[PDB]
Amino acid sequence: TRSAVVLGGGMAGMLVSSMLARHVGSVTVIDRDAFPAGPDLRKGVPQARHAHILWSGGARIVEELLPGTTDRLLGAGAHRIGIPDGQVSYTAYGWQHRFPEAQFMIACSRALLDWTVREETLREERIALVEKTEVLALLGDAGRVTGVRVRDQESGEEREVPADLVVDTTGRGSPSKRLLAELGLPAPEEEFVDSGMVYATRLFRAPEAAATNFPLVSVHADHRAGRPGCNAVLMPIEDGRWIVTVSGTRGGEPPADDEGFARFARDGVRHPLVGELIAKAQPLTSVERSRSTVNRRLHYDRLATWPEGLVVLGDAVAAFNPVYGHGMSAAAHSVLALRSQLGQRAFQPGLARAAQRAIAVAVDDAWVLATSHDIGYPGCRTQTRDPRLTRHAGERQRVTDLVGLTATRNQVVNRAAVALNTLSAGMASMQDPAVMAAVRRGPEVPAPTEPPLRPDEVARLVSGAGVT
């Protein structure tokens, strides 16, 4: 009984459909893209050409909604990398000492993650993916949405797909601003923090011995330095490859040419480690860039009026600067927020509004973590009324910088910091008295003076082939 229509069959759409199919009789997913029968790139998810980190907070939720996905990913060559034990990270405050595991991440191509997640979701035959289909209009009116009018691309035929609940998960390029205007809703407040960040990515074949058990390697900008923020991330993915993504805010953008890529990874960032490691590896693709890096949020939950039966989640409601790596975990948290309101309110009037509000809460930590560190860069453009980002942003940042500094050399502060940064704990968790006590206790290990690489990791950057 009852039906859902989900707009967009990407990460948020697949997760939300798996959840919804446990609460409604059927789920229909509408997408204008064509979907490959394998782990390939597709036009509807262009961001898949860049490094994607799936933090524990999101990965645990993916596993809860689609049990077995983690093992299927690992069986397909994805890597489970412990945090901080499995990462070599030059932070704004120095090298992170590699304490024992506190959290983790899953490292693989976004194409593989999407394929795996889609396959697992569609094992439920009550979920149907309708490809190559345009979304023309929401059915109903500003008081209640009752489905969607769609158009088949190949035939051109239009039909109405009924729904008790429509969920827009069409991503950063969502047409809901248009769909909701034509439904007769007021325009939502648009909030953004635009550091002008640009990505550049090349794929590499790792040295053969380093195809597994290799760390996540990141060189971070110093958000406190009045200069463009540039980063470099090297991430293992399946089939013995490394995805390397470099990034820079306004005035420090990485170049488009293959030669400038390696120079940026050496000299454009604060430490050349990633540039050093890609010099061991074989490039496989030419530089691809992306400017889809603005933190942008639409406050649908604060509209004066909202239709029954409509919810927007994922990048369609809040999108982030990807350097912090939260988007997929924010969407997963947002799916559980909808599930929470479904369990509390079933389909009574008030469901959609309460879910939209809960989704606003769900994305708030990812939103603050990204925007708090982007607002300071030279030439950052902002449109916000959030006092946390302006008036007393410095005080919020003074505490974050003290936590961030102490986390590099104190295990208890690190454990709390990585719980928050993986979206495994809430923002307030850091004000726990015991955390602030550890912060005041300060460092328990010396600051590393060199990249904290293990001998047995560096040993695997060479084959030893030309040696009798």
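The first residue of the sequence shown is number 1, and the count goes up from there. Whichever C-alpha set is largest while still superposing within 1.5 Å between the two forms counts as the rigid core.
Peer 1: Say the other structures are aligned on the rigid core; which stretch then has the higher CA RMS in 4 other deposited structures of this protein, 390 to 398 or 372 to 380?
Peer 2: More C-alpha displacement in 4 other deposited structures of this protein shows up in 390 to 398.
Peer 1: Give the stretch, out of 198 to 206 and 218 to 226, with the larger mean C-alpha temperature factor in the deposited entry.
Peer 2: 218 to 226 has the higher mean C-alpha B-factor.
Peer 1: Can you tell me which stretch has the higher mean Cα B-factor, 356 to 364 or 279 to 287?
Peer 2: Per the PDB record, 279 to 287.
Peer 1: By the CA temperature factor listed in this entry, which of these ranks top: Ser89, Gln344, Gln103, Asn321?
Peer 2: Top of the list by C-alpha B-factor: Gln344.
Peer 1: Between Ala434, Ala48, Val62, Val29, which carries the biggest CA temperature factor in the record?
Peer 2: By C-alpha B-factor in the record, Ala434 ranks first.
Peer 1: If you rank every modelled residue in this chain by C-alpha B factor, which third holds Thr400: lowest, middle or highest?
Peer 2: Its C-alpha B-factor belongs to the highest third of this chain's values.
Peer 1: Going by the CA temperature factor in the PDB record, which third of the chain does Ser429 belong to: lowest, middle or highest?
Peer 2: For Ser429, the deposited C-alpha B-factor lands in the highest third.
Peer 1: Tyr300: which third of its chain by C-alpha temperature factor?
Peer 2: According to the entry, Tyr300 has a C-alpha B-factor in the chain's middle third.
Peer 1: Tell me, lowest, middle or highest third: where does the Cα B factor of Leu122 rank within its chain?
Peer 2: Within its chain, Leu122 is a middle-third residue by C-alpha B-factor, going by the deposited values.
Peer 1: Could you look up the Cα B-factor of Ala142 in the entry and say which third of the chain it sits in: lowest, middle or highest?
Peer 2: Its C-alpha B-factor, which the entry lists for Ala142, ranks in the highest third among residues of this chain.
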